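Encoded as structure tokens, the structure appears first; notes follow it.
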Amino acid sequence: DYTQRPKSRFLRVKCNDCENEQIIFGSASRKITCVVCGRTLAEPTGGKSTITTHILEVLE
Amino acid sequence: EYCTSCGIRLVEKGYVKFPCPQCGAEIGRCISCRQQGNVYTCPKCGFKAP
Amino acid sequence: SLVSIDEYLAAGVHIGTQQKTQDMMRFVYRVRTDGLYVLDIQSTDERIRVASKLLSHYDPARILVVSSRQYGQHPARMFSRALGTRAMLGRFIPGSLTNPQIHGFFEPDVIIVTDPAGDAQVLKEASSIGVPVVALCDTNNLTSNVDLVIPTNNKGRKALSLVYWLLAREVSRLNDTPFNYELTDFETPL
Amino acid sequence: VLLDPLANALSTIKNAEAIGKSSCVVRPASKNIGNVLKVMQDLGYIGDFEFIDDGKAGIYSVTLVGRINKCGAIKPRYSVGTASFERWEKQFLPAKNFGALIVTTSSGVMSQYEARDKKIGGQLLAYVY
Amino acid sequence: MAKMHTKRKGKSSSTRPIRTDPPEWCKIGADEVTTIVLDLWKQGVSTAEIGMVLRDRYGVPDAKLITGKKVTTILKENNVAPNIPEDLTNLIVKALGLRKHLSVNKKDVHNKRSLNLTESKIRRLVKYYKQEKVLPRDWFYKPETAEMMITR
RNA sequence: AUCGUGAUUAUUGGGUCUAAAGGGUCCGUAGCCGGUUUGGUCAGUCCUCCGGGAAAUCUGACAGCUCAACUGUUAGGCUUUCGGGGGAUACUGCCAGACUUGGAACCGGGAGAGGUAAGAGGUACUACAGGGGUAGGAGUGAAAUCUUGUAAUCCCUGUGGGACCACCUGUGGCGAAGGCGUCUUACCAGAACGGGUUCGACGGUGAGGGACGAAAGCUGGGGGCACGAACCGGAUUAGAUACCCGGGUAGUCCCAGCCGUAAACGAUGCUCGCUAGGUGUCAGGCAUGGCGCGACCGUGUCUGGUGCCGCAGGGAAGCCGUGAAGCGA
Ligand SMILES: [Mg+2]
Ligand SMILES: [Mg+2]
Ligand SMILES: [Zn+2]
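If you read the sequences in order, they're chains AX, AZ, AB, AJ and AQ.
Per the authors' numbering: the first sequence = residues 3 to 62.
Per the authors' numbering: the second sequence = residues 7 to 56.
Per the authors' numbering: the third sequence = residues 58 to 247.
Per the authors' numbering: the fourth sequence = residues 2 to 130.
Per the authors' numbering: the fifth sequence = residues 1 to 152.
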């Protein structure tokens, strides 16, 4: 095609403790801790963030 | 006299004229489209080769 | 495919070279883990059939066939005998098509090259005289001064014998030439 | 910095013609770019062109039908009247009734033949042949 | 293109996709995101990473797509914006720190040139903003007196 | 003489790697060049109108000088590139926003002989002293000066000294260039890479002007192991004010300033779009196979550098060739 697309993609990560339905960005530049209870969903790697809990489904 | 990859005129020395390798209709090629491998598309049978 | 892909896998036709070019991408379907990139066998048979259709529009005694490699040397001679085409297997004189006072003078109407990179002098001579050429490239070949491309492994003895027999039988059936040669004739002496 | 998109588009068309490529992409599309492409299409020198937006200025997928020889911008865009086209034609163009100069005018952007028919001049935009 | 004072071009752009709509897979609302933006601003977090923390821990794809407003538009709407732009403040802050370092290392001519380049960028930002009325016409960038963190 | 020749002044219409010619690099004002886009104006601009732009000379014809040039009529030219009205809104400049790609700002895991400041360290050298030992050591094409019987050379021990950072080291890296190689630490800066992060054209170039600017040299204070212009001595030679060899001052080093030049070179100013390929390696990111299927290493692929090869293209050629000397701005 001619249009550019976001090769980096979102996720649907599920919290390991509070079961929060939070949303995180895959190429995280920050420690995406859980919004609600106690958890760190993924740590900021220079490339792709290392997710610690379940990914329900990778989104666009 | 008109290439199938560029359409330029075959007035120079070194122009190759040959029938189609699919339908037999005449297809032309120039030195630049043959040195550079320009893809030629047969306008009748739609044959496309590099 | 007119012949099964398992035969091309067994005969070494699908083996190529560890390095490929960008213009050979369209004839490659998948990267193998070894490094040798497998060409499109369906595309190879398509190119073979199209060339045989193009080679069937002319008499075998006007075709020109050239080869350089030893492994491509025997099937080239088999092609020359089975068709009557004037083959140049082995060493090639640079001024055969040109140089009318030279030994080996010829004035063809189509040129066939067994390997375009190795047979560069024949490509330059054909481009100078203006004779369209159906070539036989590999995974590390470029189609400069080439009209038709045959994607087959020219560095395999069995692959060369099989491909030469397929081209010979295809042309001889298309042009209703009596073809009593068999692949063991085109097979290299092992 | 990008500061002449019409000249960039015509230089890309020149490169694509020189290589003999049937198709080529046009870097960021503009309204005057579209007017030049439409007038060139009506001249028959250029085949097809589509504005494919990309969340940006927009680009073109132009199908070059092999009818031109060279085409770049006219810099500076000279003011031209109805009695001032023939000297520019003798300068840029190669022959009488051969190739056209893209002109921008208050009536519209068009080759200088139709501008002389309109009896209205303006600024030279480009030349194609 | 090349950079401002070094000619090393680069293409590490953040590829934002063509999205003319808000998310359809997210239940977040405009009120939620604006409340998050205001609370993070009151914490002391600059607008560059406000959107980053929106997009990372809340997975907000873009504040403009959902709210219809960018971060600074929401800041001006709520009277929660600074009097000076963040880029000019960052350049002036770096220049002040670099001048503080250079007042004890007078041999550090390379960082003197770095200070000169940042001064050129500061004057470029001030010229653009006075062109667009963000800053006063008479307030020139004094590199010794009128350069403090909050200028008044 | 002057015009043309001569594109030998080049806006049209030239060159500037090697022929004269890219500024050492860079920051940057006036100038100049500038993204797509909605809205408004119409100043340059555009079509048109009206006041002008003396005749003369210019062009053509007619008329009349016998042809002719020439005089009159007449249709054009010049006079130009002024003042003022109406129409158009593409174009540019003006007005008010917006838009995300251009540049700007921030975050992430990595890379780097990037910079200053401090310290420690490596080995060799050297100074003196001590122990051993006793006829030469040094150097050369060959010699001699020099040095040694006041015990040198060589060896061992010990204590100080100043310069210098090897192999590692790469057709590696960082830096605006100059340039930067021991290690540790503190301070600072840029980059590329990742980024549904902030900004909204904030950009390029840039005569003047400003800072950086190798080495040599200069000024003042240090230091002086080594090296080493000058200087002296020994040879060489016809001569040797040189190459060689023996000494060795200024200097090289540091601290505080000055000068401001190099074959400061890629003999290629900088920015952008565009244009066949094959081919190392480096940073980052990314797939996968192995890896003590972990810290790590391989192949593929996008981006940015760093080299060689080369089609088309161009050049007078050597050549250049997505890192142009190609094609435009
Ligand atoms: Mg010095
Ligand atoms: Mg230079
Ligand atoms: Zn939780």
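Note that beta-carbon positions come from the ideal geometry of N, C-alpha and C, so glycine has one too.
C-alpha of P173(AB) to C-alpha of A133(AB): approximately 14 Å in a straight line. Chain AZ places no beta carbon closer than 9 Å to that of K77(AB), leaving this residue out of the contacts. Using a Cβ-Cβ cut-off of 9 Å, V22(AZ) is close to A183, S184, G187, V188, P189, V190 and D204 of chain AB, given in chain order. According to the DSSP secondary-structure assignment, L91(AQ) is paired through a beta bridge with no residue. Around the C-beta of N78(AQ), fewer than 16 other C-beta atoms lie within 10 Å, and the residue is accordingly described as exposed. Interface flag for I47(AJ) against chain AZ is unset, since no Cβ pair is found closer than 9 Å.
Distances between the C-beta of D31(AQ) and the heavy atoms of ligand 3 are all 8 Å or more. The beta-bridge partner set that DSSP reports for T64(AJ) consists of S24(AJ) and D49(AJ).
At least one heavy atom of ligand 3 lies less than 8 Å from the C-beta of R41(AX).
Sequence-ordered contacts of the region 54-66 of chain AJ with chain AQ read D55 and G56 [C-beta pairs closer than 8 Å]. In this structure, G152(AB) places its C-beta atom within 9 Å of the C-beta atom of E182(AB).
Ligand 3 has no heavy atom closer than 8 Å to the beta-carbon of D56(AQ).
In the three-state reduction of the DSSP assignment, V126(AQ) falls in the helix class, which pools H, G and I.
Distance from the Cα of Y130(AJ) is smallest, within the candidate group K120(AJ), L11(AJ), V110(AJ) and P77(AJ), for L11(AJ). The Cβ-Cβ distance between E45(AX) and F12(AX) does not fall below 9 Å. DSSP, read as helix, strand or coil, puts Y86(AB) in strand.
Here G73(AJ) carries a strand assignment [DSSP, helix/strand/coil]. Taking all protein chains in view, the Cβ of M149(AQ) is surrounded by fewer than 16 other Cβ atoms within 10 Å, so the residue is classified as exposed. Residue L224(AB) holds the alpha-carbon nearest to the alpha-carbon of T234(AB) among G73(AB), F243(AB) and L224(AB). For the pair of segments examined, the region 15-28 of chain AJ was found not to touch the region 151-165 of chain AB: the number of CB pairs separated by less than 8 Å stays below three.
The region 66-73 of chain AB makes no contact with the region 13-30 of chain AZ; the number of CB pairs closer than 8 Å stays below 3. Taking C-beta atoms as the reference points, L154(AB) and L121(AB) count as a pair closer than 9 Å. At a threshold of 8 Å, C194(AB) does not count as near ligand 3, since its beta carbon sits no closer than that to any of the ligand's heavy atoms. Bounds of the beta strand (DSSP E) holding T105(AJ) are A101 to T105. Residues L91, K94, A95 and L98 of the same chain have their beta carbon placed closer than 8 Å to that of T118(AQ), with the five preceding and five following residues left out of the count. With respect to chain AJ, the C-beta atom of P136(AQ) has no partner C-beta closer than 9 Å. When C-alpha distances from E244(AB) are compared across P189(AB), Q130(AB) and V203(AB), the shortest belongs to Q130(AB). For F24(AZ), the uninterrupted beta strand (DSSP E) run begins and ends at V22 to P25, by DSSP.
Exposure of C39(AX) is indicated by the presence of fewer than 16 other C-beta atoms within 10 angstroms of its C-beta. Using beta-carbon distances, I37(AZ) counts as an interface residue toward chain AB, with a partner under 9 Å. At a cut-off of 9 Å between beta-carbon atoms, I14(AZ) makes contact with chain AJ.
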